[PDB]
Amino acid sequence: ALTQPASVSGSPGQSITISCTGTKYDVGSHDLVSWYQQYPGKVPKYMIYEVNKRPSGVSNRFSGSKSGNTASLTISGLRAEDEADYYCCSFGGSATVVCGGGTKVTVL
Amino acid sequence: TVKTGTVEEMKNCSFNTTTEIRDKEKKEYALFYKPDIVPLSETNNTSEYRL
Amino acid sequence: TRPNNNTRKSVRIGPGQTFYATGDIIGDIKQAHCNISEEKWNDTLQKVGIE
Amino acid sequence: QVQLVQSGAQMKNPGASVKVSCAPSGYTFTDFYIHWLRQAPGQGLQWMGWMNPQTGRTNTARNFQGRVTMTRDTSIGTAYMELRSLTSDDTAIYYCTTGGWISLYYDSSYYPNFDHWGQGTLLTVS
Ligand SMILES: *[C@@H]1O[C@H](CO)[C@@H](O[C@@H]2O[C@H](CO)[C@@H](O[C@@H]3O[C@H](CO)[C@@H](O)[C@H](O[C@H]4O[C@H](CO)[C@@H](O)[C@H](O)[C@@H]4O[C@H]4O[C@H](CO)[C@@H](O)[C@H](O)[C@@H]4O[C@H]4O[C@H](CO)[C@@H](O)[C@H](O)[C@@H]4O)[C@@H]3O)[C@H](O)[C@H]2NC(C)=O)[C@H](O)[C@H]1NC(C)=O
Ligand SMILES: *[C@@H]1O[C@H](CO)[C@@H](O[C@@H]2O[C@H](CO)[C@@H](O[C@@H]3O[C@H](CO)[C@@H](O)[C@H](O)[C@@H]3O)[C@H](O)[C@H]2NC(C)=O)[C@H](O)[C@H]1NC(C)=O
């Protein structure tokens, strides 16, 4: 459940975006969207908790947004450290949270 | 005891309600608050209650 | 406010009458509460004291 | 800092059922929800259920209704998750994660704020 693109790429120094989309119930009803980074073979990491707020330790390169039944992360100032998978998890059905399939980032 | 967890204020009551047809009764339930519910008389402190 | 996400289910009784009662609480458990500012209430009791 | 310890790797035949265990450290156990997550090998994250350690209330996704049950022991300071009716497709990494903050006045259960993640444990069905 919940749709996400498969992959995205760009050169160093560029900025890219990763999008997530769901029904009017999951993402359209609440501002509860969070983005998790995962390097391969590692536990995920914690990037964005509410749709456009960061925790401590996360760079300002990352920022999020919402529009209607869809939301998207923004990665700015690309470098080799940003080569990792990114998943979105958002408020789901009744009292649940549903997570997307994930997007891979390739820095040329 | 909703989903493995206790709720202190609401009782899950089950009662035999009458269908549209006068002959056939049906077993039905609903979550009644406390205050609305009182223990029933003439029983040995069992789980029998009334409005 | 009443934080919890009550549902609502209808119980058919008799010829066409229905009886609406809670069916489930699809979420977590809460406390119903009312909030007042402490500073404003201190002012509104100080002035009532003066008058 | 805070750490979430989990059980070691597991191996099973189909239909055996497994009770995975989690043990948070560094914060009061009953101050934050516990959210259970799954990651099949090569697949994306999937959400299983959350738990209220203060009162044991729990909820699970529609595709695990009855198939999964989770409980806890506040004295030990640990949480358990029983998965039932194992198939070969249940081979996955299982994560124990720290959710929102419990409070009596607003439902923070469904908040996707997984602040701290367990090390993850591999369950194998074959
Ligand atoms: C009636 O009155 C009562 C009594 O006043 C009201 O109850 C109060 O309601 C408040 C909310 O309106 C509630 O506030 C919460 O207090 C806790 C206490 O610690 C606080 O943590 C909460 O704030 C966090 O969560 C919110 C969620 O949106 C965030 O917006 C906020 O920025 C905080 O986020 C940080 O902490 C979270 C803790 O879970 C993290 O999950 C989150 O991601 C974020 O990051 C931290 O962790 C990161 C690592 O993961 C780290 O890098 C970073 O630096 C951060 O440390 C929230 O403010 C009061 O607690 C509550 N009071 C009581 C007694 O229950 C009631 O609402 C009123 N009702 C009405 C209708 O008005
Ligand atoms: C509070 O509870 C209400 C229900 O009492 C929750 O709303 C319900 O959310 C579900 C999402 O799983 C909706 O289900 C969907 O319904 C459509 C048809 O409307 C169907 O095509 C989908 O396949 C799915 O079954 C349900 O309709 C919706 N009901 C209402 C009345 O809105 C709500 O999400 C809960 N909110 C919280 C914060 O707990």
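Residues numbered from 1 in each chain as written, not as in the entry; some residues may be left out. Chains lettered and ligands numbered in written order. Part of a larger assembly, values for the part shown. Heavy atoms only, no water.

- cryo-EM is the method the PDB entry states for this structure, with the resolution given as 3.6 Å.

- Taking the PDB entry as the reference, chain B is identified by name as CH848 DE3 SOSIP gp120 belonging to Human immunodeficiency virus 1.
- Per the header of the deposited record, the title is "DH270.6 Fab bound to the HIV-1 CH848 DE3 SOSIP".

- As recorded in the PDB entry, chain A goes by DH270.6 Antibody Fab Light Chain and comes from Homo sapiens.

### Description of the site of ligand 2
- Taken together, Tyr25(A), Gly93(A), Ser94(A), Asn5(C), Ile26(C) and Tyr110(D) make up all the residues around ligand 2.
- The environment around ligand 2 is built from residues contributed by chains A, C and D.
- The contact in question runs from an oxygen atom of ligand 2 to an N or O atom on the side chain of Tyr25(A), over 3.0 Å.
- In the environment of ligand 2, an oxygen atom lies 2.6 Å from a nitrogen or oxygen atom belonging to the backbone of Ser94(A).
- If ligand 2 stood free it would expose 760 Å²; the protein chains cover 42% of that surface.
- Counted by class, the shell around ligand 2 contains three nonpolar, three polar and no charged residues. (Near = heavy atom within 4 Å. Polar contact = N/O pair within 3.5 Å; in protein donor to acceptor, adjacent residues only side chain to side chain. Areas by Shrake-Rupley, 256 points an atom, 1.4 Å probe, with all protein chains shown as cover. Nonpolar A, V, L, I, M, F, W, Y, C, P; charged D, E, K, R; others polar.)

### Side note on the site of ligand 1
- In the vicinity of ligand 1 lie 14 residues, with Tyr46(A), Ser56(A), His33(C), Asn35(C) and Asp115(D) positioned nearest.
- Those residues lying near ligand 1 are distributed over chains A, C and D.
- Within the side chain of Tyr49(A), an N or O atom sits 3.3 Å from an oxygen atom of ligand 1.
- The fraction of the free accessible surface of ligand 1 (1300 Å²) that becomes covered by protein chains is 49%.

### So, the nonpolar core
- Among the nonpolar cores identified, the biggest contains 38 residues, and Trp36(D), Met48(D) and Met81(D) are the most heavily contacted of them.
- Among the elements that make up this core, the one with the highest residue count is strand β5 (residues 45-51) of chain D (five residues).
- Judged by nonpolar contacts, the second largest core, of 23 residues, contains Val51(A), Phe62(A), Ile75(A) and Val105(A). (Core = buried A, V, L, I, M, F, W, Y, C linked by side-chain atoms within 4.5 Å. Buried < 20%, exposed > 50% of the residue type's maximum accessible area, 1.4 Å probe, protein only. Helix = DSSP H or I, 4+ residues; strand = E, 2+ residues; numbered from the N terminus.)

### Here's the deal with the sheet that holds strand β7 (residues 68-73) of chain D
All names here are of chain D.
- Here we have four strands laid out as an open sheet, ordered β1-β3-β8-β7, and antiparallel in their pairing. At either end of the open sheet lies a strand with only one pairing partner, and these are β1 (3-6) and β7. Looking at each pair of strands side by side, their axes are set apart by 20° on average, direction ignored.
- Bridge count between β1 and strand β3 (residues 18-25): four bridges; the pairing is antiparallel. Note that in β3 the partner of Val 5 across the bridge is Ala 23. (Pairing = 2+ DSSP bridges. Axes fitted to C-alpha atoms, helices over the stretch in contact; angles between N-to-C directions.)

### Digging into the arrangement of the chains
- Among the five pairs of chains in contact, the pair with the most contacts is chains A and D.
- The two units chain A and chain B remain apart, with a minimum C-alpha distance of 12 Å. (Contact = heavy atoms within 4.5 Å.)

### Remarks on the layout of surface pockets
- Roughly 840 Å³ of volume is contained in the largest pocket.
- Where the lining of the largest pocket is concerned, the elements lending two or more residues are β8 (97-99) of chain A together with β4 (32-39), β5 and β6 (58-60) of chain D.
- Tallied by class, residues from the lining of the largest pocket come to 13 nonpolar, 18 polar and seven charged.
- Taken as a whole, the second largest pocket holds about 520 Å³ of empty space.
- Residue lining of the second largest pocket: 25 residues in total, with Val7(B), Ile29(C), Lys30(C), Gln31(C) and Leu104(D) positioned closest to the centre.
- The residue inventory of the lining of the second largest pocket, partitioned by class, reads eleven nonpolar, eight polar and six charged. (1 Å grid on protein atoms, 1.4 Å probe; cavity = no way out; pocket = protein on both sides within 12 Å on 5 of 7 lines; lining within 4 Å. Points joined across faces, edges and corners; volume = space filled by probe spheres on them.)

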